[PDB]
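Heads up, the thing below is written out as structure tokens.
What is reported rests on the model, the rules as stated and the sources as named; nothing here is a laboratory result. Reconstructed Cβ throughout: ideal geometry from the backbone, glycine too, with neighbour counts over all protein chains shown.
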There are 2 protein chains.
Amino acid sequence: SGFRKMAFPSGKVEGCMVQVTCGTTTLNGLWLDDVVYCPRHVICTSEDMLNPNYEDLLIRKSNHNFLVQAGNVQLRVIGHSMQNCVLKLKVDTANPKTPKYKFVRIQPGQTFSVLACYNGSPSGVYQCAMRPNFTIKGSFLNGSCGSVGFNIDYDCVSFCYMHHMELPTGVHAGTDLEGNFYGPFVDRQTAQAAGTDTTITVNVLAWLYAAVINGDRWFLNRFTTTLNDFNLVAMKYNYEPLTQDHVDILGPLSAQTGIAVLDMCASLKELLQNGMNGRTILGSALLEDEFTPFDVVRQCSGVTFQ
Amino acid sequence: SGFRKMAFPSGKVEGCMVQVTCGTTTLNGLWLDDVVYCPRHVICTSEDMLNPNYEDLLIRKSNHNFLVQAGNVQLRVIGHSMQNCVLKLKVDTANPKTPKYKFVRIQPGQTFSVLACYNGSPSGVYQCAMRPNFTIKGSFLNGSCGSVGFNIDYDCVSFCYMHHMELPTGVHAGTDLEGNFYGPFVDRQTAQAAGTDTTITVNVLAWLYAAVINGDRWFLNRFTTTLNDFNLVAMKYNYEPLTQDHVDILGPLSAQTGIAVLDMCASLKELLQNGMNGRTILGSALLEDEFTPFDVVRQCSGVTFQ
């Protein structure tokens, strides 16, 4: 028993992190087979960042202008290209610690683990949600660029996020591993607006089931609502609307607890409208929205990797 | 920027996790050089656990009654001994993935990372504090016994915790790697009292510094106080006493932020007496006491390991 924000074990990712250097810019790369992936802004000086023409900047760079370092050793680049906002450096060596992997583009509300790195070395691992406005609320210092987010499926690492930018507002933006930004952001040092953020309703509901499973049940009540009823309240609290898809994904949790999805919704409706008084839930004074329904089942059923 | 509850990268510990089975009980073991370390209650049935005589139970066991599995590899057990509440199994093979390591006994209020494991396989990683009352508020299901807590120092793993039990209260208890319980606890399925559990004041102050560093400043007031005045308030709020040693450890954060420790103390006193008025600090509606001053400096400085 007990419920915590758990990250996936990071060992399989730690073996893929390298240091990439171009001029005097250094950040993190991801070495998979004979390719190193990193933020294309590795090619920019701080001044270039204000208004980069990446095609022009990259032309001034040859294979040999890229210094990729794997712990001790130093790899040889024999090919480079730019795919959207990522640079792909073909190297002369396949990574022998290359895990089974795929590249995935996640959806808002979905969670992942971030392995925060500096200079190609792992610092820390934490669990993040992609916000509805396609930012993440991470913890990233200068140098952390090219740090990656991932999920694990027994033995297969699904890479979903590469860190590219801190917005002037101090939240984080990045790309999938094909170099396509999540959200409206660009890799230029300019004021950029993230949308209005909203709370991930289906995640809060998941987390309330986790609370019941762990013996926190005070917020329960035998009130009802329709989906449409609930949403007309949720939207007044900047909650994402709940769809039937969301009801269907909560089905198993409903089944395990004997609390119908629409009842848990009635319970949340109450919590928003009436607040929490002084009481906590799973040790939290706010409603948590960074556990997906699948996160809760995994942690509550003890799913393992390898 | 940003601030998250971050664990150490787990890869070095992942390589040490094994499954240990004795009759119908399976749990996790830690394989370092040619020794596997696990909870001695691996020799117990659910029945035995009500009142075990570990000396008499272990008498009935030979080396071959212990099945140790590392991945798909069955290790051969060539010796067994009990040290306090851990069993040590001598095996014929040194773990080729043994990191540099120490065994350390941590103090209450210190933090570490737990690699939660089931059947010898890693499930997830999270950061924990040893509560003043020597419990941990973890996430441990049936079969997580033998999971370990650790800190990393560049390339050296400091193992500080092995999980043994859940108290009927739903909190967690275990040992150091020499098999000595933290707290008054025994490895028996019986009613067991934990102390009253107090807030780790020095960690709260650390976290207030982190908040200031991240621009969260609303709670800074225009009062000072004395250590004694502060402590008088602390005891009433179930907060641990603050000592000069604690003031000394906060010194660098004081230096970085320009806020004198005792000024931060007076701010904290005010939050305790007045509460937070529905406001948040670093995304929390409660005062967080799981970051040590070292954790805050480490995270705010981007300290890496291998």
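General remarks:
- Filter result (in a loop (DSSP other than H, G, I, E, B), within 14 Å of chain A (Cβ to nearest Cβ) and surrounded by fewer than 22 Cβ atoms within 10 Å (Cβ to Cβ)) within segment B:7-55: B:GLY15
- Every residue from segment B:266-282 that is closer than 17 Å to B:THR292 by Cβ and in a helix (DSSP H, G or I): B:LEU268
- Taken together, B:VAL157, B:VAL125 contain a single residue that is within 13 Å of chain A (Cβ to nearest Cβ), closer than 27 Å to A:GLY71 by Cβ, touching a helix residue (DSSP H, G or I) at 6+ places or on another chain (Cβ under 6 Å) and hydrophobic (A, V, I, L, M, F, W, C), which is B:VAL157.
- Within segment B:78-186, strands (runs of 3 or more DSSP E) holding 2 or more residues that are among the hydrophobic types (A, V, I, L, M, F, W, C) and either touching a residue at least 40 places away in the same chain (Cβ under 8 Å) or surrounded by fewer than 22 Cβ atoms within 10 Å (Cβ to Cβ) (or both): B:86-91, B:111-118, B:121-129, B:148-153, B:156-166
- Selection status of B:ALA211, over 11 Å from B:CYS265 (Cα atoms), within 14 Å of another protein chain (Cβ to nearest Cβ), assigned to a helix (DSSP H, G or I) and not aromatic (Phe, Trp, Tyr): yes
- Unique residue being within 19 Å of the chain's Cα centre (by Cα) and more than 22 Å from B:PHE185 (Cβ to Cβ) when the list is B:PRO108, B:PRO122, B:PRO99, B:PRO132: B:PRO122
- Any hit, segment B:93-103, residues being within 20 Å of B:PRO39 (Cβ to Cβ), of a type outside the set (D, E, K, R) and in contact with a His (Cβ under 7 Å, 6 or more places away or on another chain): no
- For segment B:66-77, a tally of residues being assigned to a strand (DSSP E or B) and either surrounded by 16 or more Cβ atoms within 10 Å (Cβ to Cβ) or touching a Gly at 6+ places or on another chain (Cβ under 9 Å) (or both) returns 6.
- Residue satisfying all of: in segment B:284-303; closer than 25 Å to A:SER147 by Cβ, touching a residue at least 12 places away in the same chain (Cβ under 8 Å) and not in a helix (DSSP H, G or I); farthest from the other protein chains (Cβ to nearest Cβ) among these: B:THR292
- Unmet criterion (only one of (1) assigned by CATH to the domain that holds A:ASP92; (2) out of contact with any helix residue (DSSP H, G or I) (no Cβ under 8 Å at 6 or more places or on another chain)) for A:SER1: (1)
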